[PDB]
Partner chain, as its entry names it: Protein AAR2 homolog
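Just one chain follows, in the form deposited without the partner chain, and it is written as structure tokens.
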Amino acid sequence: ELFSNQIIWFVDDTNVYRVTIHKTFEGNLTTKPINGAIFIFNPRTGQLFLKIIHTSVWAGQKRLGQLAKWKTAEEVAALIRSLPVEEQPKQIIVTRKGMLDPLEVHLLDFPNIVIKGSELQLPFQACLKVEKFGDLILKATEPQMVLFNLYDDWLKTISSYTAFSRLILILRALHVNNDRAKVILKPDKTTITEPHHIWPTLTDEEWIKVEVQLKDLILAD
């Protein structure tokens, strides 16, 4: 299913509409949008398209949570139209069921694309506390798209299946317990992440231990 000749994208809209809530000195709640992002992810290659959503897009509107699903569908269609046909996905898997109808309506010109939902736990929200992504999203002054390779150099020595599994454990562990996951991912004082990489440079033996520890952290919930 995943990892064949068919191009597959996971689409996560969870982080598109984001707000800060504050109790004022007068005792009322202010809710202020902050920048968000769409995550569009190819599990075979590790490609991430990060569409940064600047708060200016909300200017005027209400029911921003519902509108955000539609904005996401619009942006997915816009990305697809910007790609040659051979690079367009055959399947889009949405991580949240609320994306199904908006995407259906936005992709009527793409009869080859199959849209489905999922029960998979793929918390791209965890990327918001990976500084590379978090600061980039925070500080943006306009919408833009940024490409990343979420598998770093892993595919030189492991399969796409193994890479996908490693990434999911990382994201879920960061989601469940960011601070402990970050410790697990830094086994030595000298552990570094290369500037163009997302994740640490670890030996095969270190990854084995990390993967078990991340799994145990998720199990502990």
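For clarity, a rigid core is taken as the largest C-alpha set superposing within 1.5 Å between two forms. Residue numbers count along the first chain shown, from 1.
Another form, the form solved in complex with the partner chain, is not on view; read the next lines as being about it.
Contact with the partner chain, judged by heavy atoms within 4.5 Å in the entry with it bound, is confined among 111-119, 82-90, 95-103, 146-154 to 95-103.
Although the partner is absent here, residue 142 sits far enough away that none of its heavy atoms falls within 4.5 Å of the partner chain in the entry with it bound. In the entry with it bound, the partner chain lies farther than 4.5 Å from every heavy atom of residue 176. Although the partner is absent from this view, residue 66 contacts the partner chain in the entry with it bound, with a non-hydrogen atom inside 4.5 angstroms. Using a 4.5 angstroms threshold between heavy atoms, residue 197 stays clear of the partner chain in the entry with it bound. After superposition on the rigid core, the single residue among 99, 93, 122, 137 whose C-alpha moves by 2 Å or more between this form and the one not shown is 122.
When the rigid core is held fixed, the Cα atom of residue 195 travels less than 2 angstroms between this form and the one not shown.
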